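Notes follow once the structure below has been shown.
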Amino acid sequence: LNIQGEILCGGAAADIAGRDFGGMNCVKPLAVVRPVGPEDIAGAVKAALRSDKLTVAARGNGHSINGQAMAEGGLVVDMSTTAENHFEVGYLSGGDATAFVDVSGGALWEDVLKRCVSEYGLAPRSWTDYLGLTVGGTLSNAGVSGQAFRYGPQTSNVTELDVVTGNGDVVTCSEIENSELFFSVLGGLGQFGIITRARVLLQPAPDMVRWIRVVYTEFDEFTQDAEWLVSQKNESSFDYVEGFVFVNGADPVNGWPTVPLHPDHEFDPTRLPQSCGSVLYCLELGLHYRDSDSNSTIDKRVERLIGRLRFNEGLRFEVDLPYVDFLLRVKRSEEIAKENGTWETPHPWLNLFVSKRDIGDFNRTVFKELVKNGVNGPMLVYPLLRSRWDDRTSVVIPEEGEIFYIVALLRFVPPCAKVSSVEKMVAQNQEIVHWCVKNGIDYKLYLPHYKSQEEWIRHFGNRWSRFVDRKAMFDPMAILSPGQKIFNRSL
Ligand SMILES: Cc1cc2nc3c(=O)[nH]c(=O)nc-3n(C[C@H](O)[C@H](O)[C@H](O)COP(=O)(O)OP(=O)(O)OC[C@H]3O[C@@H](n4cnc5c(N)ncnc54)[C@H](O)[C@@H]3O)c2cc1C
């Protein structure tokens, strides 16, 4: 290995690369690599290829839950040291997106957002909720948030990547050049190569955002309205659709206090009808607009667009704050988080896609019964449109329906809870997964984590052969991101 950066063994370095946000694994590698670029990364890969047991896993921000970015006794590539390696904007006359910003696979989304807006007036159009995540990390899964119904997830918003494959080759790919690789890497859980650069689409950045949260007590009403809103003609309705499932109680972390947006308007439960479940549903909406716009004009447009929603009057919270605060709103929960001690404890989260034909059986038992007291955080569930997603990528979504729902229990661990707590949480996630498999629920996990081949073959379904062909082509010794646990390293 010939590297310009600094390698670290043991101590705090190995310690950190041995932990993640989920807090359930501490797998130590032989070393941590700091690549000053693609060659240092290819060096790491090739060392593993000649070696007897070393593997190779790129790390982004560590946000993962189950150790997918770890390499027991192998190499971890600290992509963090390649973050500022790219920032080149170009225009697209091809209609659709305006420009692009070739950015490093190691760049963080929040920093990208700031620089892009604080010097150019352009922004990517498809995001994730949390921005303290890397470009390569989210592009290796899908990158989903509230703009995906309109623009697809982040993997649908890249037009070129530089990748260091499991063969050690440093390559640039797109739909045209080295295409099978391009599509393999997108959503491919780090299995076919490390993403050092991505060509991320940019649209003109909006000025402002009207942030809305309204409340429903009836699911099929909340779900019918949500589907109706995301099914509207492009740019005729909102620019953000979200929402969750909170408990029908005062629990400041699981209940109605988690709904309002600003401190001067709180949730008055005396507006809820007597015949509502132990849980209510919030619909979360975001409308983009320019600061030159007259408030009376904007107010009239919002009423127009919300005029056909069946929520409950008197339980529709809203605020108008700048596009950038609206996008870093997750920093608001990261704060309460640290203030309450759980931002630091284990997070045995649950994330999944449950197609429309099956989301119904989910609110029935899961939300209203299994986790009716909440999981100590948000419980999202917004609809999406399969049409926006390209089946050429390595991504995996439900088998049937032009509309599927993204799911995700944002489980936290109160500082009090015994360690037995995290076991019951994991156990309950496994149970939900069991309940879905046993009832033939067409669900698939997002950020999937399985420990057996038979679970991975089922998850990939008819695309398992393709996932195997791509592996045999781009990482035949199976040295890449072995922590995903889909393929075992070569003997
Ligand atoms: C509270 C909370 C909220 C969340 N909200 C969202 C959300 O709104 N949207 C969303 O999409 N996700 C969300 N997630 C999941 C989260 O996005 C991921 O764990 C996180 O983005 C991982 O990102 P990372 O950048 O740290 O990379 P990693 O955790 O390191 O994960 C990416 C996988 O890719 C590999 N990898 C890392 N960098 C590269 C690279 N450059 N090239 C190739 N492979 C690489 C890793 O080894 C790993 O196997 C949330 C998680 C939590 C705990």
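Identifiers in this document derive from the order of the structure tokens: chains are assigned A, B, ..., residues are numbered from 1 separately in each chain, and ligands are numbered from 1 in order of occurrence.
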
Next on the checklist: Using DSSP assignments from the backbone, pull out every residue in range 138-308 of chain A that falls under strand (DSSP E or B) and give it to me as a ChimeraX atom specification.
Outcome noted: /A:158-165,170-173,193-204,208-216,240-243,246-247,279-289

Next on the checklist: Hey, which residues sit close to ligand 1? Say within 7 Å, counting only C-alpha atoms and all ligand atoms, and write them as JSON, numbers by chain.
Outcome noted: {"A": [21, 22, 57, 58, 59, 60, 61, 62, 63, 64, 65, 68, 69, 70, 79, 105, 106, 128, 129, 130, 133, 134, 135, 136, 137, 138, 140, 141, 142, 143, 144, 145, 189, 190, 193, 194, 195, 196, 347, 349, 410, 481, 483, 484]}

Expected file: the selected residues, N, CA and C atoms, as a short mmCIF file (atom, residue, chain, number, x, y, z; two decimals), in the first residue's frame:
```cif
data_model
loop_
_atom_site.label_atom_id
_atom_site.label_comp_id
_atom_site.auth_asym_id
_atom_site.auth_seq_id
_atom_site.Cartn_x
_atom_site.Cartn_y
_atom_site.Cartn_z
N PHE A 21 -24.49 4.29 14.64
CA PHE A 21 -25.61 4.93 15.27
C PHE A 21 -26.60 3.94 15.94
N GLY A 22 -26.73 2.72 15.36
CA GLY A 22 -27.59 1.70 15.92
C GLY A 22 -27.08 1.26 17.30
N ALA A 57 -14.23 -2.26 3.43
CA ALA A 57 -15.52 -1.58 3.58
C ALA A 57 -15.34 -0.05 3.69
N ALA A 58 -15.96 0.67 2.77
CA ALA A 58 -15.89 2.12 2.85
C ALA A 58 -16.82 2.56 3.95
N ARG A 59 -16.41 3.58 4.71
CA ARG A 59 -17.27 4.17 5.74
C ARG A 59 -17.60 5.61 5.33
N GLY A 60 -18.83 6.04 5.62
CA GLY A 60 -19.25 7.40 5.27
C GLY A 60 -19.35 8.21 6.54
N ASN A 61 -20.54 8.23 7.14
CA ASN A 61 -20.72 8.96 8.40
C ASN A 61 -20.97 8.06 9.62
N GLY A 62 -21.15 6.77 9.38
CA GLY A 62 -21.41 5.81 10.45
C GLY A 62 -22.89 5.62 10.80
N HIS A 63 -23.75 6.44 10.20
CA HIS A 63 -25.20 6.37 10.51
C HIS A 63 -25.95 5.06 10.41
N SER A 64 -25.36 4.08 9.75
CA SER A 64 -25.96 2.76 9.62
C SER A 64 -26.34 2.15 10.97
N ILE A 65 -27.22 1.17 10.89
CA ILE A 65 -27.76 0.49 12.08
C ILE A 65 -27.12 -0.84 12.42
N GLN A 68 -22.98 -2.51 8.32
CA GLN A 68 -22.71 -2.74 6.92
C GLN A 68 -21.39 -2.12 6.44
N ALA A 69 -20.90 -1.11 7.17
CA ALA A 69 -19.67 -0.37 6.83
C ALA A 69 -18.46 -0.84 7.66
N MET A 70 -18.52 -2.07 8.14
CA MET A 70 -17.42 -2.64 8.96
C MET A 70 -16.67 -3.77 8.26
N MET A 79 -13.80 7.33 3.81
CA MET A 79 -14.10 8.25 2.68
C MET A 79 -14.16 9.73 3.08
N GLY A 105 -17.90 11.04 -3.51
CA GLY A 105 -18.73 10.02 -2.87
C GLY A 105 -18.58 10.19 -1.38
N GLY A 106 -17.53 10.91 -0.96
CA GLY A 106 -17.28 11.12 0.45
C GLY A 106 -17.90 12.38 1.05
N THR A 128 -32.79 13.11 1.56
CA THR A 128 -33.03 12.18 2.67
C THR A 128 -33.49 13.16 3.80
N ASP A 129 -34.02 12.66 4.93
CA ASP A 129 -34.43 13.57 6.01
C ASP A 129 -33.24 14.12 6.77
N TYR A 130 -32.28 13.23 7.02
CA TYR A 130 -31.09 13.57 7.78
C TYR A 130 -30.02 13.96 6.79
N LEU A 133 -25.27 12.77 6.55
CA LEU A 133 -25.07 11.47 5.91
C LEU A 133 -24.18 11.72 4.68
N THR A 134 -23.41 10.73 4.21
CA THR A 134 -22.58 10.98 3.01
C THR A 134 -23.28 10.70 1.71
N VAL A 135 -22.75 11.30 0.65
CA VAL A 135 -23.21 11.11 -0.71
C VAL A 135 -23.04 9.64 -1.11
N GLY A 136 -21.87 9.06 -0.88
CA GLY A 136 -21.70 7.67 -1.25
C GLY A 136 -22.51 6.75 -0.36
N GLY A 137 -22.70 7.15 0.89
CA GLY A 137 -23.47 6.29 1.80
C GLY A 137 -24.95 6.19 1.39
N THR A 138 -25.56 7.32 1.07
CA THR A 138 -26.97 7.24 0.68
C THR A 138 -27.12 6.69 -0.73
N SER A 140 -25.56 4.39 -1.98
CA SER A 140 -25.34 2.94 -1.92
C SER A 140 -26.61 2.18 -1.43
N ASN A 141 -27.64 2.95 -1.05
CA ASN A 141 -28.91 2.41 -0.55
C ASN A 141 -30.03 2.86 -1.50
N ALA A 142 -30.40 4.15 -1.44
CA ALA A 142 -31.38 4.73 -2.37
C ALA A 142 -31.43 6.23 -2.17
N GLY A 143 -31.50 6.67 -0.89
CA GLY A 143 -31.58 8.10 -0.57
C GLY A 143 -33.04 8.52 -0.77
N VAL A 144 -33.87 8.29 0.26
CA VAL A 144 -35.29 8.58 0.20
C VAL A 144 -35.71 9.64 1.17
N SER A 145 -36.64 10.49 0.71
CA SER A 145 -37.23 11.52 1.54
C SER A 145 -38.51 11.97 0.85
N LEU A 189 -25.60 -1.43 -1.92
CA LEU A 189 -25.03 -1.72 -0.58
C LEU A 189 -23.51 -1.91 -0.57
N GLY A 190 -22.80 -1.05 -1.32
CA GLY A 190 -21.35 -1.11 -1.32
C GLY A 190 -20.75 -2.41 -1.85
N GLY A 193 -18.34 -1.81 -5.56
CA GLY A 193 -17.31 -0.80 -5.65
C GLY A 193 -17.63 0.42 -4.83
N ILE A 194 -16.59 1.20 -4.54
CA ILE A 194 -16.70 2.42 -3.76
C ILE A 194 -16.98 3.62 -4.69
N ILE A 195 -17.90 4.49 -4.28
CA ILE A 195 -18.27 5.68 -5.07
C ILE A 195 -17.49 6.90 -4.58
N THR A 196 -16.53 7.35 -5.41
CA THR A 196 -15.64 8.47 -5.06
C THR A 196 -16.18 9.77 -5.65
N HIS A 347 -29.89 2.56 18.70
CA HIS A 347 -31.06 2.86 17.89
C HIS A 347 -31.32 1.69 16.98
N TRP A 349 -33.57 0.77 15.00
CA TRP A 349 -34.58 1.21 14.02
C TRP A 349 -35.22 0.16 13.15
N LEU A 410 -38.63 4.82 14.22
CA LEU A 410 -37.41 5.51 14.65
C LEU A 410 -37.17 5.31 16.14
N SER A 481 -17.48 -4.39 1.33
CA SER A 481 -18.52 -4.21 2.35
C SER A 481 -19.08 -5.55 2.79
N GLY A 483 -19.62 -6.43 5.53
CA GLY A 483 -20.53 -6.19 6.65
C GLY A 483 -22.00 -6.18 6.22
N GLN A 484 -22.25 -6.08 4.93
CA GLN A 484 -23.66 -6.15 4.53
C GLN A 484 -24.12 -7.57 4.86
#
```

Find the residues near range 112-119 of chain A: any atom within 12 Å, counting only C-alpha atoms, skip ones fewer than 3 places away on the same chain, and give them as an mmCIF file with N, CA, C and O atoms, in the first residue's frame.
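result_33.cif, freshly written:
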```cif
data_model
loop_
_atom_site.group_PDB
_atom_site.id
_atom_site.type_symbol
_atom_site.label_atom_id
_atom_site.label_comp_id
_atom_site.auth_asym_id
_atom_site.auth_seq_id
_atom_site.Cartn_x
_atom_site.Cartn_y
_atom_site.Cartn_z
ATOM 1 N N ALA A 83 -13.810 14.155 0.955
ATOM 2 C CA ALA A 83 -15.007 15.004 0.901
ATOM 3 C C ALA A 83 -14.903 16.260 0.064
ATOM 4 O O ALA A 83 -15.844 16.648 -0.658
ATOM 5 N N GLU A 84 -13.749 16.918 0.162
ATOM 6 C CA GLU A 84 -13.610 18.158 -0.581
ATOM 7 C C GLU A 84 -12.959 17.967 -1.920
ATOM 8 O O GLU A 84 -12.545 18.944 -2.559
ATOM 9 N N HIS A 86 -14.179 17.221 -4.805
ATOM 10 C CA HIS A 86 -14.897 17.581 -6.022
ATOM 11 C C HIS A 86 -15.959 18.605 -5.733
ATOM 12 O O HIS A 86 -16.624 18.575 -4.677
ATOM 13 N N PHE A 87 -16.100 19.528 -6.665
ATOM 14 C CA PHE A 87 -17.171 20.496 -6.619
ATOM 15 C C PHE A 87 -17.137 21.211 -7.944
ATOM 16 O O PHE A 87 -16.563 22.302 -8.064
ATOM 17 N N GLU A 88 -17.734 20.582 -8.944
ATOM 18 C CA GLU A 88 -17.778 21.156 -10.290
ATOM 19 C C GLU A 88 -19.195 21.153 -10.888
ATOM 20 O O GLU A 88 -19.734 20.086 -11.226
ATOM 21 N N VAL A 89 -19.745 22.367 -11.051
ATOM 22 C CA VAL A 89 -21.072 22.589 -11.595
ATOM 23 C C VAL A 89 -21.064 22.778 -13.105
ATOM 24 O O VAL A 89 -20.212 23.482 -13.647
ATOM 25 N N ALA A 99 -28.655 22.062 -13.764
ATOM 26 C CA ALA A 99 -27.226 21.893 -13.682
ATOM 27 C C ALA A 99 -26.869 20.651 -12.897
ATOM 28 O O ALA A 99 -27.734 19.849 -12.565
ATOM 29 N N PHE A 100 -25.586 20.551 -12.574
ATOM 30 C CA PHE A 100 -25.134 19.436 -11.747
ATOM 31 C C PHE A 100 -23.940 19.909 -10.958
ATOM 32 O O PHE A 100 -23.395 20.974 -11.206
ATOM 33 N N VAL A 101 -23.592 19.122 -9.940
ATOM 34 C CA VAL A 101 -22.393 19.366 -9.190
ATOM 35 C C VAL A 101 -21.639 18.025 -8.990
ATOM 36 O O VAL A 101 -21.968 17.224 -8.084
ATOM 37 N N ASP A 102 -20.651 17.737 -9.836
ATOM 38 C CA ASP A 102 -19.880 16.494 -9.635
ATOM 39 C C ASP A 102 -19.397 16.627 -8.203
ATOM 40 O O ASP A 102 -18.706 17.614 -7.893
ATOM 41 N N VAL A 103 -19.770 15.691 -7.314
ATOM 42 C CA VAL A 103 -19.323 15.800 -5.930
ATOM 43 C C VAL A 103 -18.667 14.477 -5.490
ATOM 44 O O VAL A 103 -18.817 13.412 -6.139
ATOM 45 N N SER A 104 -17.881 14.544 -4.422
ATOM 46 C CA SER A 104 -17.205 13.332 -3.958
ATOM 47 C C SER A 104 -18.197 12.325 -3.359
ATOM 48 O O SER A 104 -19.184 12.737 -2.776
ATOM 49 N N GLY A 105 -17.898 11.037 -3.507
ATOM 50 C CA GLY A 105 -18.733 10.015 -2.874
ATOM 51 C C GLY A 105 -18.585 10.186 -1.376
ATOM 52 O O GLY A 105 -19.423 9.714 -0.595
ATOM 53 N N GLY A 106 -17.533 10.912 -0.960
ATOM 54 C CA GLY A 106 -17.282 11.121 0.455
ATOM 55 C C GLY A 106 -17.900 12.384 1.047
ATOM 56 O O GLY A 106 -17.874 12.567 2.269
ATOM 57 N N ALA A 107 -18.493 13.234 0.217
ATOM 58 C CA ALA A 107 -19.106 14.458 0.715
ATOM 59 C C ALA A 107 -20.378 14.207 1.513
ATOM 60 O O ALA A 107 -21.142 13.299 1.225
ATOM 61 N N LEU A 108 -20.579 15.058 2.508
ATOM 62 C CA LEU A 108 -21.775 15.040 3.314
ATOM 63 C C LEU A 108 -22.847 15.889 2.615
ATOM 64 O O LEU A 108 -22.556 16.909 1.940
ATOM 65 N N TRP A 109 -24.094 15.443 2.715
ATOM 66 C CA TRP A 109 -25.167 16.189 2.097
ATOM 67 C C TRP A 109 -25.402 17.575 2.648
ATOM 68 O O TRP A 109 -25.722 18.463 1.880
ATOM 69 N N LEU A 122 -28.355 26.937 -6.623
ATOM 70 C CA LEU A 122 -28.884 25.691 -7.190
ATOM 71 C C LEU A 122 -28.876 24.631 -6.141
ATOM 72 O O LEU A 122 -27.989 24.611 -5.318
ATOM 73 N N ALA A 123 -29.858 23.736 -6.197
ATOM 74 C CA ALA A 123 -29.861 22.623 -5.228
ATOM 75 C C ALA A 123 -30.341 21.303 -5.813
ATOM 76 O O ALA A 123 -31.070 21.298 -6.798
ATOM 77 N N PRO A 124 -29.886 20.155 -5.239
ATOM 78 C CA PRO A 124 -30.319 18.824 -5.704
ATOM 79 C C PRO A 124 -31.833 18.841 -5.436
ATOM 80 O O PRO A 124 -32.311 19.695 -4.677
ATOM 81 N N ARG A 125 -32.581 17.936 -6.068
ATOM 82 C CA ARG A 125 -34.039 17.978 -5.925
ATOM 83 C C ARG A 125 -34.613 16.778 -5.210
ATOM 84 O O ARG A 125 -35.799 16.731 -4.959
ATOM 85 N N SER A 126 -33.748 15.825 -4.885
ATOM 86 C CA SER A 126 -34.214 14.628 -4.182
ATOM 87 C C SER A 126 -33.280 14.454 -2.990
ATOM 88 O O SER A 126 -32.054 14.397 -3.145
ATOM 89 N N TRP A 127 -33.857 14.303 -1.808
ATOM 90 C CA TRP A 127 -33.047 14.271 -0.572
ATOM 91 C C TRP A 127 -33.356 13.052 0.341
ATOM 92 O O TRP A 127 -34.044 12.105 -0.077
ATOM 93 N N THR A 128 -32.790 13.114 1.562
ATOM 94 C CA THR A 128 -33.034 12.180 2.675
ATOM 95 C C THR A 128 -33.493 13.161 3.803
ATOM 96 O O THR A 128 -33.368 14.387 3.656
ATOM 97 N N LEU A 131 -29.326 15.067 7.054
ATOM 98 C CA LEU A 131 -28.360 15.529 6.057
ATOM 99 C C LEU A 131 -26.935 15.251 6.499
ATOM 100 O O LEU A 131 -26.035 15.365 5.674
ATOM 101 N N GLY A 132 -26.781 14.774 7.741
ATOM 102 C CA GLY A 132 -25.458 14.425 8.292
ATOM 103 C C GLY A 132 -25.135 12.996 7.862
ATOM 104 O O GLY A 132 -24.783 12.113 8.704
ATOM 105 N N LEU A 133 -25.267 12.773 6.547
ATOM 106 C CA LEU A 133 -25.067 11.470 5.908
ATOM 107 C C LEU A 133 -24.180 11.717 4.680
ATOM 108 O O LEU A 133 -24.218 12.809 4.140
ATOM 109 N N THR A 134 -23.408 10.727 4.210
ATOM 110 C CA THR A 134 -22.582 10.985 3.007
ATOM 111 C C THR A 134 -23.284 10.699 1.711
ATOM 112 O O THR A 134 -24.217 9.897 1.677
ATOM 113 N N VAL A 135 -22.748 11.297 0.649
ATOM 114 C CA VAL A 135 -23.207 11.107 -0.707
ATOM 115 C C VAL A 135 -23.043 9.636 -1.107
ATOM 116 O O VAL A 135 -23.960 9.037 -1.634
ATOM 117 N N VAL A 200 -24.400 14.777 -9.357
ATOM 118 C CA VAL A 200 -25.685 15.033 -8.703
ATOM 119 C C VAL A 200 -26.455 16.167 -9.354
ATOM 120 O O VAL A 200 -25.937 17.281 -9.508
ATOM 121 N N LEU A 201 -27.696 15.886 -9.738
ATOM 122 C CA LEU A 201 -28.560 16.882 -10.397
ATOM 123 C C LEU A 201 -28.919 18.052 -9.490
ATOM 124 O O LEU A 201 -29.117 17.873 -8.283
ATOM 125 N N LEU A 202 -28.983 19.239 -10.101
ATOM 126 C CA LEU A 202 -29.291 20.490 -9.394
ATOM 127 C C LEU A 202 -30.421 21.206 -10.097
ATOM 128 O O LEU A 202 -30.454 21.276 -11.329
ATOM 129 N N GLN A 203 -31.371 21.730 -9.315
ATOM 130 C CA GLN A 203 -32.461 22.506 -9.892
ATOM 131 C C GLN A 203 -32.291 23.874 -9.238
ATOM 132 O O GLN A 203 -31.531 24.026 -8.273
ATOM 133 N N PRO A 204 -32.946 24.911 -9.777
ATOM 134 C CA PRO A 204 -32.786 26.208 -9.110
ATOM 135 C C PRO A 204 -33.294 26.056 -7.639
ATOM 136 O O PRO A 204 -34.383 25.450 -7.382
ATOM 137 N N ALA A 205 -32.527 26.548 -6.668
ATOM 138 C CA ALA A 205 -32.995 26.417 -5.257
ATOM 139 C C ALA A 205 -34.153 27.332 -5.017
ATOM 140 O O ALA A 205 -34.102 28.479 -5.468
ATOM 141 N N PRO A 206 -35.251 26.855 -4.371
ATOM 142 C CA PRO A 206 -36.421 27.708 -4.067
ATOM 143 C C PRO A 206 -35.982 28.676 -2.957
ATOM 144 O O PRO A 206 -34.987 28.404 -2.253
ATOM 145 N N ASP A 207 -36.757 29.743 -2.743
ATOM 146 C CA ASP A 207 -36.456 30.677 -1.672
ATOM 147 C C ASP A 207 -36.992 30.238 -0.293
ATOM 148 O O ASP A 207 -36.272 30.187 0.710
ATOM 149 N N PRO A 322 -37.070 29.563 6.027
ATOM 150 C CA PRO A 322 -36.219 29.376 4.834
ATOM 151 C C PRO A 322 -35.901 27.928 4.449
ATOM 152 O O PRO A 322 -35.665 27.073 5.317
ATOM 153 N N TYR A 323 -35.814 27.705 3.140
ATOM 154 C CA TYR A 323 -35.525 26.373 2.556
ATOM 155 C C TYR A 323 -34.427 25.601 3.294
ATOM 156 O O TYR A 323 -34.502 24.372 3.457
ATOM 157 N N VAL A 324 -33.376 26.315 3.703
ATOM 158 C CA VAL A 324 -32.323 25.645 4.375
ATOM 159 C C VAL A 324 -32.669 25.209 5.826
ATOM 160 O O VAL A 324 -32.277 24.129 6.228
ATOM 161 N N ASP A 325 -33.369 26.015 6.613
ATOM 162 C CA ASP A 325 -33.759 25.556 7.948
ATOM 163 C C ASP A 325 -34.718 24.365 7.780
ATOM 164 O O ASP A 325 -34.619 23.360 8.509
ATOM 165 N N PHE A 326 -35.643 24.486 6.826
ATOM 166 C CA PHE A 326 -36.621 23.402 6.552
ATOM 167 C C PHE A 326 -35.848 22.113 6.221
ATOM 168 O O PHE A 326 -36.158 21.029 6.743
ATOM 169 N N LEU A 327 -34.816 22.195 5.387
ATOM 170 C CA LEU A 327 -34.091 20.965 5.103
ATOM 171 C C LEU A 327 -33.270 20.498 6.330
ATOM 172 O O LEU A 327 -33.196 19.294 6.558
ATOM 173 N N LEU A 328 -32.694 21.400 7.149
ATOM 174 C CA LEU A 328 -31.961 20.855 8.298
ATOM 175 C C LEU A 328 -32.863 20.699 9.535
ATOM 176 O O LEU A 328 -32.357 20.641 10.659
#
```

Checklist entry - Please, which residues of range 26-255 of chain A, numbered as in this document, come out alpha helix (DSSP H) from DSSP, as a PyMOL selection string? => result chain A and resi 38-50+109-117+135-139+148-151+179-185+219-230

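CA of residue 490 in chain A is positioned 18.9 Å from CA of residue 27 in chain A.
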
Closest atom pairs, residues of range 337-417 of chain A within 8 Å of range 150-174 of chain A, only C-alpha atoms, as a tab-separated table:
```
residue	atom	partner	partner_atom	distance
A:388	CA	A:152	CA	4.7
A:389	CA	A:152	CA	5.7
A:390	CA	A:156	CA	7.1
```

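Closest approach to residue 71 in chain A among A:368, A:376, A:222, A:482 is made by A:482 (distances from only C-alpha atoms).
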
Item to check | Counting only C-alpha atoms, the option among A:377, A:279, A:332, A:183 closest to residue 252 in chain A | outcome: A:377
